[PDB]
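To keep things clear, I will list the structure first and then write my remarks on it.
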Protein chains: 2
Amino acid sequence: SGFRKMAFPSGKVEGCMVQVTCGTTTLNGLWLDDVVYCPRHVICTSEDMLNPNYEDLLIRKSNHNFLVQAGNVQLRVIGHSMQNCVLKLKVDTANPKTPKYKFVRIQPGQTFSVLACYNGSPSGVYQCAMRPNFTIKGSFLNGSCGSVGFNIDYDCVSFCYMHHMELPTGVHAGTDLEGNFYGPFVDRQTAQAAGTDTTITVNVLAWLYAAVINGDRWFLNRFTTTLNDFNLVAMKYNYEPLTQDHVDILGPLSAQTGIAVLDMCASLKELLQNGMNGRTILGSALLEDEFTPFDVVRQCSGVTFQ
Amino acid sequence: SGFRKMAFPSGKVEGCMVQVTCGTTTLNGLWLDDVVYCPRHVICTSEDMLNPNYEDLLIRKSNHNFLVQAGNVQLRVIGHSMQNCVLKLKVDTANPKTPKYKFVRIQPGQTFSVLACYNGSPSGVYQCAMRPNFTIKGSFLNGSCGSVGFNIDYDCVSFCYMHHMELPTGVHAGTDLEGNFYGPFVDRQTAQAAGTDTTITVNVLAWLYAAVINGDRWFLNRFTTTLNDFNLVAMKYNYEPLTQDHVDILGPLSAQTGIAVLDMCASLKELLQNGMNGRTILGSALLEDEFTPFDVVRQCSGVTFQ
Ligand SMILES: *[C@H](O)[C@H](C[C@@H]1CCNC1=O)NC(=O)[C@@H](NC(=O)OCc1ccccc1)[C@H](C)OC(C)(C)C
Ligand SMILES: *[C@H](O)[C@H](C[C@@H]1CCNC1=O)NC(=O)[C@@H](NC(=O)OCc1ccccc1)[C@H](C)OC(C)(C)C
């Protein structure tokens, strides 16, 4: 038993991280087969990042302008091209550690593992959720750009995120691996800010199921409610509406605990209206929304990966 | 910026995990050079685990009784011996992925990364603290025994923990890699339970410094206090006493924020006596004690590992 915020083993991604230096900018790249993927703003300078024309900026670059280092081994760049907000640097060596992978874009509400990196060297790993406002509450310092987010399914690494920038509230914004930003953000210096967020309702319910599975039951109750009457309370507390599909997804959890989904909603209603009255749930004094139904099932059952 | 509970990259440990099967017991082992380390209760059966005599149990075993599988490759056992509560299974192949490593025993208050494993296959990674009562609040299901805890310093993996069992409150107990249990626990079936815990005071202060570094300042105040008057409040709220050495360790954090250590104590005093009044710190509604001063400095500065 136990429930902890848990990331995927990072080893398969660690073997793909490299360092990309261009000019006086250094960041991380992702080396898969004979391509290194990195944020395009590596070609920018300090005055460029005011209103750049990345298309103009890249035509003025050379292959030899890109210093790519895999550990203490230099990689020779033999081609470059831009895909939306990422660069694709073709190198003369396929990464022998290329795992099976896919480039997948995730939905707000979904989680992934972030391998934070500096100078091509992995620093730490942690779990993140894509917020409804397409930001992520990560931990990123100067030099972390190009760190990727990912999920692992058996042996296949689905890359979903590449880090680009920090917004002024301290949250983080980036792209999928095809270079398309999550949310209404751009890789140039503007006054852009996060935008209004909401609580991921289905994840809170999944986490309440994780709690019940792990012996925290004090928030349970005999009440019930309709989906409609629940969604009126959700909208008042800035929670996302709950759909019938969310109820279906919660089915396995409901059946394992014997607590019907709408019963758990009634529990969440009371939690939202009364607070916790000094108690905790899974060691938290807040309702947690960064665990998906899949995350709970995975951890309260025990899946692995080769 | 940002502050998230962050584990070390797990890749170096992933390449050491294997599966050890003996009889109808299967668990994880740690393969370093030509030795596989695993919990000794792999030699036990269901009736054995009532009051075993592991010494008697092992003399009746053969090398061929131990099925060790590294991925889809079998490892041939050529010797076995017991070190306290761990087995040492000598195999005919050195692990070519053996990182530089050390076996280190940690102190309550210190943190480490756990690579949770099932059937020799890594499942997830997360950060844990050794509680004052020598338990860890982990996430462990049937088959996770032999999963290890570790820290990484540049390229060297200091293994500190090997998982053995779950206590009835849902917390976890294990050994250092020399087979010596953390705390007053045994690898046989008794009514043993966790014992009284306390809050790691120095870690809470380090986390309050992480908050200030990240822009949460509402809990700051102009008050101060003596170390003595603080320790009277700590003892009332079941906090560990704060020593002058803890103050010294907090020096770098104090100097970077400009908040003297004893000023932060005065802030913690008020937090303990008044609560948070509906506010949060680093996204928590509780005072967090599972980040060491080193963890905060590492994350609020950005160290990496090759
Ligand atoms: C890339 O390594 C860098 C990562 C951020 C630095 C701090 N935390 C990060 O996530 N990205 C940038 O520096 C971008 N700018 C940016 O994040 O500005 C806000 C900021 C906050 C705190 C410290 C520094 C910066 C880049 C340079 O800017 C564009 C993406 C618009 C080109
Ligand atoms: C080894 O894989 C196993 C891991 C625990 C199972 C559940 N969570 C764990 O951490 N260790 C054991 O099964 C030990 N017993 C034990 O933990 O009993 C309590 C328990 C709680 C919940 C589910 C199952 C068991 C071993 C078998 O017992 C001795 C170490 C005393 C021999």
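By order of appearance in the structure tokens: chains A, B, ..., then residues from 1 within every chain, and ligands from 1 in the order shown.
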Residues within 7 Å of ligand 2, counting only C-alpha atoms and all ligand atoms, as a PyMOL selection string = (chain A and resi 1) or (chain B and resi 27+41+49+140-145+163-168+172+186-189)
key: Exercise answer, chain A residues close to chain B, 7 Å and only C-alpha atoms, as a PyMOL selection string   = chain A and resi 1-11+14+118+121-126+137-141+170+285-286+302-306
Nearby residues (only C-alpha atoms) at most 8 Å from residue 105 in chain A, same-chain spacing under 5 positions excluded, as a short mmCIF file (atom, residue, chain, number, x, y, z; two decimals) with C-alpha atoms, in the first residue's frame:
```cif
data_model
loop_
_atom_site.label_atom_id
_atom_site.label_comp_id
_atom_site.auth_asym_id
_atom_site.auth_seq_id
_atom_site.Cartn_x
_atom_site.Cartn_y
_atom_site.Cartn_z
CA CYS A 160 4.72 14.66 -25.01
CA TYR A 161 6.47 17.82 -23.82
CA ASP A 176 4.79 18.97 -28.01
CA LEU A 177 7.68 17.36 -29.87
#
```
request  = Would you please extract all strand (DSSP E or B) residues from range 48-132 of chain A, as assigned by DSSP on the backbone, and give them as a ChimeraX atom specification?
outcome  = /A:67-70,73-75,77-83,86-91,101-103,111-118,121-129
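With only C-alpha atoms and all ligand atoms as the basis for measurement, A:193 is the residue among A:193, A:130, A:250, A:268 that approaches ligand 1 most closely.
Comparing A:46, A:198, A:81, A:224 by their smallest distance to residue 61 in chain A, the closest is A:81 (using only C-alpha atoms).
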task = Can you check which residues of range 181-292 of chain B DSSP gives as alpha helix (DSSP H) on the backbone and send them as an MDAnalysis selection string?
result = chainID B and resid 201:213 227:236 244:249 251:257 261:274
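Our summary of the geometry notes that CA of residue 213 in chain A is positioned 15.2 Å from CA of residue 263 in chain A.
Note that CA of residue 136 in chain A and CA of residue 103 in chain A are 18.5 Å apart.
Note that the spacing between CA of residue 178 in chain B and CA of residue 148 in chain B amounts to 12.2 Å.
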request  = Select, from A:174, A:132, A:109, A:23, the residue with the minimum atom-to-atom distance to ligand 1, counting only C-alpha atoms and all ligand atoms.
outcome  = A:174
task = For residue 229 in chain B, please output as a ChimeraX atom specification all residues within 10 Å (counting only C-alpha atoms; exclusion window: fewer than 6 positions along the same chain).
result = /B:265-266,269
Just N, CA and C atoms for this one: save the residues we selected as a PDB file, in the first residue's frame.
```pdb
ATOM      1  N   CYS B 265      12.554  30.563  12.288  1.00  0.00           N
ATOM      2  CA  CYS B 265      11.984  29.843  13.424  1.00  0.00           C
ATOM      3  C   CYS B 265      10.780  30.578  13.994  1.00  0.00           C
ATOM      4  N   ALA B 266      10.928  31.886  14.237  1.00  0.00           N
ATOM      5  CA  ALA B 266       9.808  32.694  14.711  1.00  0.00           C
ATOM      6  C   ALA B 266       8.614  32.597  13.770  1.00  0.00           C
ATOM      7  N   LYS B 269       7.221  29.170  14.452  1.00  0.00           N
ATOM      8  CA  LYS B 269       6.442  29.243  15.683  1.00  0.00           C
ATOM      9  C   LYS B 269       5.019  29.697  15.389  1.00  0.00           C
TER      10      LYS B 269
END
```
Contact residues around residue 293 in chain B with only C-alpha atoms at 8 Å, ignoring same-chain residues under 6 positions, as an mmCIF file with N, CA, C and O atoms, in the first residue's frame:
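Dumped everything to selection.cif:
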```cif
data_model
loop_
_atom_site.group_PDB
_atom_site.id
_atom_site.type_symbol
_atom_site.label_atom_id
_atom_site.label_comp_id
_atom_site.auth_asym_id
_atom_site.auth_seq_id
_atom_site.Cartn_x
_atom_site.Cartn_y
_atom_site.Cartn_z
ATOM 1 N N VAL B 202 14.316 20.579 10.919
ATOM 2 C CA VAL B 202 15.264 21.321 10.097
ATOM 3 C C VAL B 202 14.798 21.318 8.655
ATOM 4 O O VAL B 202 15.044 22.273 7.912
ATOM 5 N N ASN B 203 14.117 20.247 8.251
ATOM 6 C CA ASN B 203 13.610 20.115 6.888
ATOM 7 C C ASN B 203 12.452 21.075 6.631
ATOM 8 O O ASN B 203 12.319 21.623 5.522
ATOM 9 N N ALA B 206 13.991 24.310 5.977
ATOM 10 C CA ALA B 206 14.592 24.366 4.658
ATOM 11 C C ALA B 206 13.510 24.588 3.614
ATOM 12 O O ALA B 206 13.691 25.362 2.669
ATOM 13 N N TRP B 207 12.355 23.972 3.826
ATOM 14 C CA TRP B 207 11.231 24.098 2.896
ATOM 15 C C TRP B 207 10.625 25.499 2.966
ATOM 16 O O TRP B 207 10.225 26.064 1.943
ATOM 17 N N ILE B 249 23.830 24.419 9.151
ATOM 18 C CA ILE B 249 23.487 23.827 7.862
ATOM 19 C C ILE B 249 22.550 24.743 7.084
ATOM 20 O O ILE B 249 22.658 24.858 5.858
ATOM 21 N N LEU B 250 21.667 25.454 7.782
ATOM 22 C CA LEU B 250 20.720 26.379 7.170
ATOM 23 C C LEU B 250 21.344 27.713 6.770
ATOM 24 O O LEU B 250 20.635 28.565 6.223
ATOM 25 N N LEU B 253 21.119 28.893 3.016
ATOM 26 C CA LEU B 253 19.748 29.297 2.726
ATOM 27 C C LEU B 253 19.412 30.627 3.377
ATOM 28 O O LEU B 253 18.810 31.504 2.745
#
```
